[PDB]
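A.B. asks: Structure incoming, see below.
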Amino acid sequence: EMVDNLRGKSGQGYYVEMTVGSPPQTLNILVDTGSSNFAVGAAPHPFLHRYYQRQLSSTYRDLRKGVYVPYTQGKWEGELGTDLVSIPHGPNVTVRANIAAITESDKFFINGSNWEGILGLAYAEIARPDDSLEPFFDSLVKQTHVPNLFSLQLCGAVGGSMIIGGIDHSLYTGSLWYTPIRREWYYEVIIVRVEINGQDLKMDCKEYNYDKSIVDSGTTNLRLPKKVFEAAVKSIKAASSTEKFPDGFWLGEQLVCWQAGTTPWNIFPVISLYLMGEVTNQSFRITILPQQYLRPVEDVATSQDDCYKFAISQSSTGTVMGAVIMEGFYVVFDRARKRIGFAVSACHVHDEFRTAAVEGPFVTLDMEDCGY
Ligand SMILES: COc1ccc([C@@]2(c3cccc(-c4cccnc4)c3)C[C@@H](OC)C(N)=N2)cc1
């Protein structure tokens, strides 16, 4: 009953239906492994189809604590409380959880995204206003018998599955390979090697994780530290040199379009991210095809052709393996065993020549520790 419980628009996140309060109020909620608050629209906003009405819920309790979150791309503010929360196409339970009722915001809600709040699935360390505010998943596990694990299968064109409490074997093929969760704050991981069409970027591996690397379903792009980003764009450019693209394309701002069905996938290279394995100096790789890192835009006005944005961008806050990386993998957030599994998803990307893959093991004898 949990399969196919996600929806989404390209570049706008994936969301799950939830209810809040009594009687239940239905909301679509963005599934966000890069944050740790359950935060929902709770006042009118031009971009909100609907919002949480606390006065209509007889089970609401105000915690009499406010919360204000300025972040890079926007800001939001509201009031903390608790109320009854359920996931209709998730586990068959209702729990009491913290809820941040969003009363003011700037560039937080997205016009036409079809979601009205965010379900932060990461750990208390990064909850706002501080780490004493217990995140949703922690309340779910505490109050029920649900195992301390969830998995995400995000699919491109959008839709997918969030399975809570276990692994659905129908959602992947081949082996599940695990990388340690380095620290329970973000879902922090370690990248030990990067190749672009099999060619090693040859950087000290600490560079790949300056200053952290995270798995974040609430960021669209693959985001890379400046030095890594510059190196990767240079290699992608060298491989795709039979065609030259506007400057703005590489800055992730500008569309490139081809006539229907003629996208030259074969001129774009595959990116290999090798992730730390569960045993010393062993790793596995996930391979990323241009079908993932050239994100298709779905706008009626541009629909005659196939148009894309370059979904790799420069970061000053570390590597972010965002939704375009997660797409086509089945990703297991095995909180109980402090690890994240990757497998090829049933909706994995492929063409006649190449397929997204998860492969291992690889051993590297002369390895420093790759973490910051
Ligand atoms: C608790 O405060 C926040 C602040 C920002 C976020 C976002 C967030 C906020 C609003 C919208 C999105 C979003 C937008 C487009 C596509 N996907 C997600 C993300 C930012 C992003 O990390 C940089 C992330 N993982 N979640 C979540 C909770």
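Since chain A takes its numbers from Swiss-Prot, the residues it shows come out as 62-218, 231-445.
Header lists the method as X-ray crystallography, 1.5 Å.
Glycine too: its Cβ is placed from the backbone N, Cα and C atoms.
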A.B. asks: Using the record from Swiss-Prot, pick out the residue from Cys278, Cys330 that is joined to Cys443 by a disulfide.
C.D. replies: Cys278
A.B. asks: If Swiss-Prot marks one of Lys279, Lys411 as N6-acetyllysine, which residue does it mark?
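C.D. replies: Cross-referencing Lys279, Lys411 with Swiss-Prot, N6-acetyllysine lands on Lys279.
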A.B. asks: Among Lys168, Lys203, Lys299, can you tell me which residue Swiss-Prot lists with the annotation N6-acetyllysine?
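C.D. replies: Per Swiss-Prot, the residue annotated as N6-acetyllysine is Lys299.
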A.B. asks: Of all the disulfide-bonded residues given, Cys278, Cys330, which residue's CB has the most CB neighbours within 10 A?
C.D. replies: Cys278
A.B. asks: Can you tell me which recorded positions out of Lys126, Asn153, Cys330, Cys420, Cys443 are within 10 A of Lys279 (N6-acetyllysine) by Cα, answering none if there aren't any?
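C.D. replies: If one measures from the Cα of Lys279 (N6-acetyllysine), the recorded positions that come within 10 Å are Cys443.
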A.B. asks: What is the straight-line CA distance, in whole angstrom, from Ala218 to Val231 across the 12 unmodelled residues?
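C.D. replies: Distance between the Cα of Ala218 and the Cα of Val231: 5 Å.
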A.B. asks: Which recorded positions among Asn172, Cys216, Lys299, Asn354 have CB under 6 Å of ligand 1?
C.D. replies: none
A.B. asks: Near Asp93 (active site), which recorded positions out of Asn153, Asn172, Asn354, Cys380 have their CA within 10 Å?
C.D. replies: none
A.B. asks: Which one is it, among the recorded positions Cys278, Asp289, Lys299, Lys307, that lies nearest to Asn172 (N-linked glycosylation site) by Cα separation?
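C.D. replies: Closest by Cα: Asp289.
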